[PDB]
Amino acid sequence: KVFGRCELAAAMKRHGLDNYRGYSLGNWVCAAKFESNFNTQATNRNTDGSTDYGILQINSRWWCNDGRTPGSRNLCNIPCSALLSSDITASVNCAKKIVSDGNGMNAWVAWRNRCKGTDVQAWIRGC
Ligand SMILES: [Cl-]
Ligand code: NA
């Protein structure tokens, strides 16, 4: 599915992402907008052979097993296919692991380049 902004904010809140590890909800909405355009089926192939999956574009080099990323790890203990459903639970639970791993939300390329250092609370305005 492709979420609307406030619909996704509400779903992320129901999944406990709001203020997770101190990151307010707007951070997560901004990250999803710029990673995937709020699209649970988004995929992106990288020139290192890894792929980014799902609404938070979680990458197969470290976080999920797709069977095709040489020498990679699977720290979320899931197949990457689980990140390509319309239910965001697997993405949220893996994001919670990622964000607790030692670099916070800096693991997300789109967040660190396009969200961090902006007024991210604006992403939940009107919701
Ligand atoms: Cl604004
Ligand atoms: Na992997």
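Residues numbered from 1 in each chain as written, not as in the entry; some residues may be left out. Chains lettered and ligands numbered in written order. Heavy atoms only, no water.

*Asks:* What should I look at first to understand the packing of aromatic side chains in this one?
*Replies:* Aromatic ring pairs are described here by two measures, namely the spacing of the ring centres and the angle between the planes. This structure, assessed with the given rule, holds 4 aromatic pairs. Where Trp 28 meets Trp 108, the ring centres are 5.6 Å apart and the plane angle is 80°; that geometry is what we call edge-to-face. Linking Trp 28 in helix 2 (residues 25–36) with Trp 108 in the loop between helix 3 (89–99) and helix 4 (109–114), this pair joins segments that are 80 residues apart in sequence. Here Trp 28 and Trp 108 have matching classes, each one buried. Judged by centre distance (5.3 Å) and plane angle (85°), the rings of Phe 34 and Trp 123 are edge-to-face. Taken together, the residues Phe 34 in helix 2 and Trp 123 in the segment after helix 4 connect sequence positions 89 residues apart. A residue is classified by how much of its surface remains accessible, and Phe 34, at 25% relative accessible area, is partly exposed. In textbook terms, an aromatic cluster arises when at least three aromatic residues are bridged by ring pairs, as seen for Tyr 23, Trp 28, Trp 108 and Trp 111. Across from the ring centre of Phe 3, 4.3 Å away, lies the NZ or CZ of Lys 1, which sits over that ring. The ring of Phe 34 has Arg 114 sitting right over it, with the charged end atom 3.7 Å from the ring centre. (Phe/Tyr/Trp six-rings, centres within 6.5 Å; stacked < 30°, edge-to-face > 60°. Helix = DSSP H or I, 4+ residues; strand = E, 2+ residues; numbered from the N terminus. Buried < 20%, exposed > 50% of the residue type's maximum accessible area, 1.4 Å probe, protein only. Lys NZ or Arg CZ within 6 Å of the ring centre and 35° of its normal.)

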